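Peer 1: Sharing run07.cif, mmCIF, C-alpha atoms and all ligand atoms:
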```cif
data_coords
loop_
_atom_site.label_atom_id
_atom_site.label_comp_id
_atom_site.auth_asym_id
_atom_site.auth_seq_id
_atom_site.Cartn_x
_atom_site.Cartn_y
_atom_site.Cartn_z
CA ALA K 2 -5.80 -14.59 -8.07
CA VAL K 3 -6.39 -12.76 -4.81
CA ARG K 4 -3.46 -10.68 -3.61
CA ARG K 5 -4.80 -9.04 -0.45
CA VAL K 6 -7.96 -8.76 1.54
CA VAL K 7 -8.31 -5.57 3.61
CA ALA K 8 -11.12 -4.71 6.03
CA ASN K 9 -12.31 -1.13 5.79
CA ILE K 10 -13.69 0.51 8.93
CA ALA K 11 -15.99 3.49 8.36
CA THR K 12 -15.24 6.68 10.29
CA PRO K 13 -15.59 10.40 9.77
CA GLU K 14 -12.01 10.71 11.16
CA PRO K 15 -9.46 8.08 10.13
CA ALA K 16 -6.99 9.75 12.54
CA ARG K 17 -8.87 8.05 15.40
CA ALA K 18 -7.19 4.74 14.33
CA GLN K 19 -3.76 5.97 15.36
CA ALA K 20 -4.23 5.43 19.10
CA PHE K 21 -4.97 1.70 18.71
CA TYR K 22 -3.64 0.42 15.40
CA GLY K 23 -0.64 2.69 15.39
CA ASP K 24 0.36 3.02 19.01
CA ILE K 25 -0.73 -0.25 20.60
CA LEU K 26 -0.50 -2.62 17.60
CA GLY K 27 2.58 -0.81 16.11
CA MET K 28 1.23 -0.61 12.58
CA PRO K 29 2.48 2.60 10.96
CA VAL K 30 0.30 4.48 8.41
CA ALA K 31 1.20 3.03 4.99
CA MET K 32 -1.15 5.11 2.82
CA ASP K 33 -2.94 8.33 3.57
CA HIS K 34 -5.33 9.63 0.85
CA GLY K 35 -7.18 11.78 3.40
CA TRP K 36 -10.62 10.20 2.94
CA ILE K 37 -8.93 6.79 3.59
CA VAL K 38 -5.91 5.85 5.73
CA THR K 39 -4.30 2.42 5.80
CA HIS K 40 -2.28 1.13 8.75
CA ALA K 41 0.13 -1.70 7.94
CA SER K 42 2.51 -4.10 9.66
CA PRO K 43 6.13 -4.56 8.58
CA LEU K 44 4.96 -8.19 7.92
CA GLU K 45 3.48 -10.03 5.40
CA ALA K 46 0.71 -12.66 5.28
CA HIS K 47 -1.54 -14.77 3.00
CA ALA K 48 -4.82 -13.13 1.90
CA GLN K 49 -7.62 -14.71 3.93
CA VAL K 50 -11.15 -14.14 5.26
CA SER K 51 -12.99 -16.23 7.86
CA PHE K 52 -16.67 -17.16 8.26
CA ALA K 53 -17.86 -18.06 11.71
CA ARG K 54 -20.99 -18.89 13.66
CA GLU K 55 -19.37 -17.79 17.00
CA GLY K 56 -15.98 -16.42 18.18
CA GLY K 57 -15.16 -19.71 19.94
CA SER K 58 -15.72 -20.71 23.59
CA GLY K 59 -19.20 -19.28 23.07
CA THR K 60 -17.99 -15.70 22.41
CA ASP K 61 -19.47 -13.30 19.84
CA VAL K 62 -17.72 -13.35 16.47
CA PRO K 63 -14.92 -10.75 16.59
CA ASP K 64 -14.92 -8.23 13.68
CA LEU K 65 -11.17 -8.84 13.15
CA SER K 66 -8.67 -11.42 14.36
CA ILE K 67 -5.20 -9.84 14.60
CA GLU K 68 -2.30 -12.17 15.18
CA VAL K 69 0.66 -10.68 17.04
CA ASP K 70 4.14 -12.07 17.72
CA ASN K 71 4.59 -10.94 21.35
CA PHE K 72 1.30 -11.31 23.15
CA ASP K 73 2.50 -10.34 26.60
CA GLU K 74 3.86 -7.07 25.25
CA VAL K 75 0.60 -6.20 23.48
CA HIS K 76 -1.35 -7.12 26.60
CA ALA K 77 0.79 -4.78 28.70
CA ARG K 78 0.40 -1.96 26.16
CA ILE K 79 -3.38 -2.36 26.18
CA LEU K 80 -3.44 -2.27 29.98
CA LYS K 81 -1.10 0.73 30.12
CA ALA K 82 -3.45 2.56 27.71
CA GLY K 83 -6.28 1.84 30.18
CA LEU K 84 -8.41 -0.07 27.65
CA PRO K 85 -11.00 -2.47 29.10
CA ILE K 86 -10.59 -6.08 28.01
CA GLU K 87 -13.86 -7.81 27.09
CA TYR K 88 -12.67 -11.43 27.16
CA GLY K 89 -9.42 -13.12 28.28
CA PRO K 90 -6.60 -13.33 28.19
CA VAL K 91 -7.05 -17.06 27.91
CA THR K 92 -5.33 -19.92 26.12
CA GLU K 93 -7.89 -21.73 23.93
CA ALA K 94 -8.03 -25.47 23.28
CA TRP K 95 -7.17 -24.88 19.65
CA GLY K 96 -3.71 -23.60 20.64
CA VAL K 97 -3.91 -19.80 20.68
CA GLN K 98 -3.64 -17.30 23.49
CA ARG K 99 -6.05 -14.41 23.01
CA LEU K 100 -8.08 -11.54 24.38
CA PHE K 101 -10.95 -9.50 22.94
CA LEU K 102 -11.26 -5.73 23.28
CA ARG K 103 -13.01 -2.89 21.51
CA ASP K 104 -11.21 -0.60 19.08
CA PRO K 105 -11.81 3.18 18.80
CA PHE K 106 -14.72 2.44 16.43
CA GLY K 107 -16.49 -0.08 18.67
CA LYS K 108 -15.30 -3.08 16.64
CA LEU K 109 -14.67 -6.25 18.62
CA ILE K 110 -11.00 -7.14 18.08
CA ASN K 111 -9.58 -10.59 18.80
CA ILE K 112 -5.82 -10.17 19.57
CA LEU K 113 -4.24 -13.60 19.45
CA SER K 114 -0.86 -15.34 19.34
CA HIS K 115 0.22 -18.89 18.55
CA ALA E 2 4.61 -7.31 15.74
CA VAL E 3 1.34 -7.89 13.77
CA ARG E 4 1.57 -11.06 11.73
CA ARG E 5 -1.91 -11.17 10.21
CA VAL E 6 -5.21 -9.26 10.10
CA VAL E 7 -8.24 -11.43 9.19
CA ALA E 8 -11.84 -10.23 8.96
CA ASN E 9 -14.42 -12.61 10.35
CA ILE E 10 -17.89 -12.63 8.88
CA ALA E 11 -20.62 -13.85 11.22
CA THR E 12 -22.94 -16.48 9.72
CA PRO E 13 -24.98 -19.49 10.92
CA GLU E 14 -23.53 -21.35 7.97
CA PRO E 15 -19.87 -20.80 6.86
CA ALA E 16 -20.41 -23.20 3.91
CA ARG E 17 -22.27 -20.37 2.17
CA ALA E 18 -18.92 -18.60 1.66
CA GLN E 19 -17.78 -21.17 -0.90
CA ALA E 20 -20.09 -19.80 -3.67
CA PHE E 21 -18.38 -16.42 -3.68
CA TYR E 22 -14.95 -16.64 -2.04
CA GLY E 23 -14.23 -20.08 -3.43
CA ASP E 24 -16.02 -20.32 -6.75
CA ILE E 25 -15.72 -16.71 -7.91
CA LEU E 26 -12.55 -15.41 -6.16
CA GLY E 27 -10.49 -18.65 -6.33
CA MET E 28 -9.79 -18.74 -2.57
CA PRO E 29 -10.18 -22.33 -1.37
CA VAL E 30 -10.93 -23.43 2.18
CA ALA E 31 -7.59 -23.36 4.03
CA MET E 32 -9.09 -24.38 7.36
CA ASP E 33 -12.41 -25.83 8.45
CA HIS E 34 -13.23 -26.13 12.17
CA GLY E 35 -16.29 -25.98 11.34
CA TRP E 36 -17.67 -23.32 13.73
CA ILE E 37 -15.17 -21.26 11.70
CA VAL E 38 -13.94 -21.73 8.07
CA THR E 39 -11.12 -19.71 6.56
CA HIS E 40 -10.78 -19.14 2.83
CA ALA E 41 -7.32 -18.15 1.63
CA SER E 42 -5.28 -17.29 -1.44
CA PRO E 43 -1.70 -18.36 -2.28
CA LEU E 44 -0.56 -14.67 -2.48
CA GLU E 45 0.87 -12.54 0.36
CA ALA E 46 0.86 -8.86 1.36
CA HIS E 47 1.56 -6.73 4.45
CA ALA E 48 -1.10 -7.16 7.11
CA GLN E 49 -3.25 -4.00 6.93
CA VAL E 50 -6.56 -2.42 7.80
CA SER E 51 -8.08 0.80 6.42
CA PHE E 52 -10.21 3.54 7.89
CA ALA E 53 -12.31 5.59 5.56
CA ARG E 54 -14.94 8.39 5.57
CA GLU E 55 -16.38 7.01 2.26
CA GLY E 56 -15.61 4.36 -0.36
CA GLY E 57 -14.15 6.83 -2.83
CA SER E 58 -16.10 8.72 -5.51
CA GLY E 59 -18.91 9.17 -2.92
CA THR E 60 -19.60 5.45 -2.58
CA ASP E 61 -20.43 3.70 0.68
CA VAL E 62 -17.39 2.37 2.58
CA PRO E 63 -16.91 -1.23 1.42
CA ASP E 64 -16.65 -3.89 4.17
CA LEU E 65 -13.68 -5.49 2.38
CA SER E 66 -11.28 -4.44 -0.32
CA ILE E 67 -9.96 -7.41 -2.28
CA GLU E 68 -7.11 -6.92 -4.69
CA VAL E 69 -7.02 -9.31 -7.66
CA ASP E 70 -4.46 -9.89 -10.42
CA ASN E 71 -6.88 -10.61 -13.25
CA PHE E 72 -9.71 -8.10 -13.09
CA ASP E 73 -11.38 -8.96 -16.38
CA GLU E 74 -11.58 -12.70 -15.50
CA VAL E 75 -13.14 -11.99 -12.08
CA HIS E 76 -15.57 -9.56 -13.70
CA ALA E 77 -16.62 -12.26 -16.22
CA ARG E 78 -16.99 -14.81 -13.41
CA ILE E 79 -19.19 -12.46 -11.44
CA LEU E 80 -21.48 -11.79 -14.43
CA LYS E 81 -21.68 -15.50 -15.36
CA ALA E 82 -22.71 -16.23 -11.75
CA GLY E 83 -25.63 -13.80 -12.19
CA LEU E 84 -24.49 -11.49 -9.37
CA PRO E 85 -25.59 -7.88 -9.55
CA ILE E 86 -22.79 -5.26 -9.61
CA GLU E 87 -23.54 -2.25 -7.36
CA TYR E 88 -20.80 0.02 -8.66
CA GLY E 89 -18.41 -0.05 -11.62
CA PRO E 90 -16.41 -1.43 -13.21
CA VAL E 91 -14.64 1.90 -13.42
CA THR E 92 -11.08 3.17 -13.36
CA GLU E 93 -10.52 5.51 -10.41
CA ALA E 94 -8.19 8.52 -9.97
CA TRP E 95 -5.91 6.71 -7.51
CA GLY E 96 -4.70 4.13 -10.04
CA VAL E 97 -7.16 1.24 -9.68
CA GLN E 98 -9.95 -0.35 -11.61
CA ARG E 99 -12.66 -1.64 -9.37
CA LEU E 100 -16.25 -2.74 -8.90
CA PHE E 101 -18.43 -3.25 -5.82
CA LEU E 102 -20.84 -6.13 -5.24
CA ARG E 103 -22.57 -7.91 -2.36
CA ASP E 104 -21.35 -11.21 -0.93
CA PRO E 105 -23.63 -14.04 0.38
CA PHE E 106 -23.74 -12.35 3.78
CA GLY E 107 -24.70 -8.91 2.48
CA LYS E 108 -21.17 -7.47 2.88
CA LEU E 109 -20.13 -4.77 0.40
CA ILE E 110 -17.08 -6.07 -1.42
CA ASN E 111 -14.73 -3.86 -3.42
CA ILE E 112 -12.89 -5.95 -6.02
CA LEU E 113 -9.97 -3.91 -7.40
CA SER E 114 -6.85 -4.22 -9.49
ZN ZN V 1 -19.25 2.39 12.82
#
```
Mind turning the file's structure into structure tokens?
Peer 2:
Amino acid sequence: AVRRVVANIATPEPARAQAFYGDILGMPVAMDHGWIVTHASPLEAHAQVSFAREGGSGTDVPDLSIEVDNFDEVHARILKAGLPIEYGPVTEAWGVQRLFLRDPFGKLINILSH
Amino acid sequence: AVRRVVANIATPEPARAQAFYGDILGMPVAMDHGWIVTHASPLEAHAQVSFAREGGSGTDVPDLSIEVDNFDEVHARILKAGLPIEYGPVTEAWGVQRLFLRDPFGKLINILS
């Protein structure tokens, strides 16, 4: 029985995650073993993994899809941090509002909300 | 504010996930769309993502870390499926037993308990 699935992003300096996952996405550090750092949300979700031929609407497949509960807030934080947005925001036909942007490690992040 | 973190694996054919995520890990299709297919478990944890200089014990950083309740059963399933194990099983210093293997898409998967 699968309890959690966690993506691991390779970096010589895990502290580089703080600016995006910590500050913008509001995920405090949950575990810090030095060679690995985990950022986590106060919430609480089924273990899942997705397999995709495109990101939808003809986009590239994002490395991670991160669902947030106040999209307009996250959007404003991203803008205030001066981060370029690669796609969106746009409301998709399948009933999400989302944008793509790059994280500190060049991963393509899909930030979405119901 | 973050409700979920889900990795997406790029593939021309999502159906190829069933052999590993479905048949070995016991995560059935929760959603099929079918440009995208999500496999899911009935268990929950905090949404999280990790950032690592190495996989631990000098290993490569695994693409995914997947925590399972019944390590010995998964290990047996893996072997019976004829899948090569790249690392382990071994019990690590940070209180886990784990092994690494490749998924259908070439991703390095850390299965741990
Ligand atoms: Zn990299």
Peer 1: So how many Å separate CA of residue 78 in chain E and CA of residue 37 in chain E, to one decimal?
Peer 2: 26.0 Å
Peer 1: Please find the residues of chain E near chain K - the criterion being any atom within 8 Å, counting only C-alpha atoms - and write them as an NGL selection string.
Peer 2: :E and (2-15 or 18 or 26-28 or 36-55 or 57 or 62-71)
Peer 1: May I have the residues from that selection written out with C-alpha atoms, as an mmCIF file, keeping the file's coordinate frame?
Peer 2:
```cif
data_model
loop_
_atom_site.group_PDB
_atom_site.id
_atom_site.type_symbol
_atom_site.label_atom_id
_atom_site.label_comp_id
_atom_site.auth_asym_id
_atom_site.auth_seq_id
_atom_site.Cartn_x
_atom_site.Cartn_y
_atom_site.Cartn_z
ATOM 1 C CA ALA E 2 4.610 -7.310 15.740
ATOM 2 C CA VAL E 3 1.340 -7.890 13.770
ATOM 3 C CA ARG E 4 1.570 -11.060 11.730
ATOM 4 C CA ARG E 5 -1.910 -11.170 10.210
ATOM 5 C CA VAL E 6 -5.210 -9.260 10.100
ATOM 6 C CA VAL E 7 -8.240 -11.430 9.190
ATOM 7 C CA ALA E 8 -11.840 -10.230 8.960
ATOM 8 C CA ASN E 9 -14.420 -12.610 10.350
ATOM 9 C CA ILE E 10 -17.890 -12.630 8.880
ATOM 10 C CA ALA E 11 -20.620 -13.850 11.220
ATOM 11 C CA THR E 12 -22.940 -16.480 9.720
ATOM 12 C CA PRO E 13 -24.980 -19.490 10.920
ATOM 13 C CA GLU E 14 -23.530 -21.350 7.970
ATOM 14 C CA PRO E 15 -19.870 -20.800 6.860
ATOM 15 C CA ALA E 18 -18.920 -18.600 1.660
ATOM 16 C CA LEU E 26 -12.550 -15.410 -6.160
ATOM 17 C CA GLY E 27 -10.490 -18.650 -6.330
ATOM 18 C CA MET E 28 -9.790 -18.740 -2.570
ATOM 19 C CA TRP E 36 -17.670 -23.320 13.730
ATOM 20 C CA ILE E 37 -15.170 -21.260 11.700
ATOM 21 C CA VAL E 38 -13.940 -21.730 8.070
ATOM 22 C CA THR E 39 -11.120 -19.710 6.560
ATOM 23 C CA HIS E 40 -10.780 -19.140 2.830
ATOM 24 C CA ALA E 41 -7.320 -18.150 1.630
ATOM 25 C CA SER E 42 -5.280 -17.290 -1.440
ATOM 26 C CA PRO E 43 -1.700 -18.360 -2.280
ATOM 27 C CA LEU E 44 -0.560 -14.670 -2.480
ATOM 28 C CA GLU E 45 0.870 -12.540 0.360
ATOM 29 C CA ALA E 46 0.860 -8.860 1.360
ATOM 30 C CA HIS E 47 1.560 -6.730 4.450
ATOM 31 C CA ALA E 48 -1.100 -7.160 7.110
ATOM 32 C CA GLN E 49 -3.250 -4.000 6.930
ATOM 33 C CA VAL E 50 -6.560 -2.420 7.800
ATOM 34 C CA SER E 51 -8.080 0.800 6.420
ATOM 35 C CA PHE E 52 -10.210 3.540 7.890
ATOM 36 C CA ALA E 53 -12.310 5.590 5.560
ATOM 37 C CA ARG E 54 -14.940 8.390 5.570
ATOM 38 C CA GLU E 55 -16.380 7.010 2.260
ATOM 39 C CA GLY E 57 -14.150 6.830 -2.830
ATOM 40 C CA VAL E 62 -17.390 2.370 2.580
ATOM 41 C CA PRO E 63 -16.910 -1.230 1.420
ATOM 42 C CA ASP E 64 -16.650 -3.890 4.170
ATOM 43 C CA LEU E 65 -13.680 -5.490 2.380
ATOM 44 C CA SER E 66 -11.280 -4.440 -0.320
ATOM 45 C CA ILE E 67 -9.960 -7.410 -2.280
ATOM 46 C CA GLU E 68 -7.110 -6.920 -4.690
ATOM 47 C CA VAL E 69 -7.020 -9.310 -7.660
ATOM 48 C CA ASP E 70 -4.460 -9.890 -10.420
ATOM 49 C CA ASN E 71 -6.880 -10.610 -13.250
#
```
Peer 1: If I take CA of residue 76 in chain K and CA of residue 97 in chain K, how far is one from the other in Å, to one decimal?
Peer 2: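 Computing it gives 14.2 Å between the two atoms.
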Peer 1: Taking all atoms listed in the file into account, which of E:76, E:81, E:34, E:17 comes nearest residue 114 in chain E?
Peer 2: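 Of E:76, E:81, E:34, E:17, the one nearest residue 114 in chain E, counting all atoms listed in the file, is E:76.
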Peer 1: Enter the distance from CA of residue 85 in chain K to atom ZN of ligand ZN 1 (chain V), in Å, rounded to one decimal.
Peer 2: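 Taking CA of residue 85 in chain K as the start and atom ZN of ligand ZN 1 (chain V) as the end point, the length is 18.9 Å.
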Peer 1: Could you check which of E:110, E:16, E:100, E:30 is closest to residue 88 in chain E, using all atoms listed in the file?
Peer 2: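 Of the candidates, the smallest distance to residue 88 in chain E is held by E:100.
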Peer 1: Please list as a list in words every residue within 10 Å of residue 93 in chain E, counting only C-alpha atoms and excluding residues in the same chain fewer than 6 positions away.
Peer 2: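 The filter keeps residues 57, 58, 99 and 113 of chain E.
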Peer 1: Give me the residues near residue 25 in chain K as a VMD selection string, where near means some atom within 10 Å (using only C-alpha atoms) and where sequence neighbours in that chain fewer than 6 positions away do not count.
Peer 2: chain K and resid 19 74 to 82
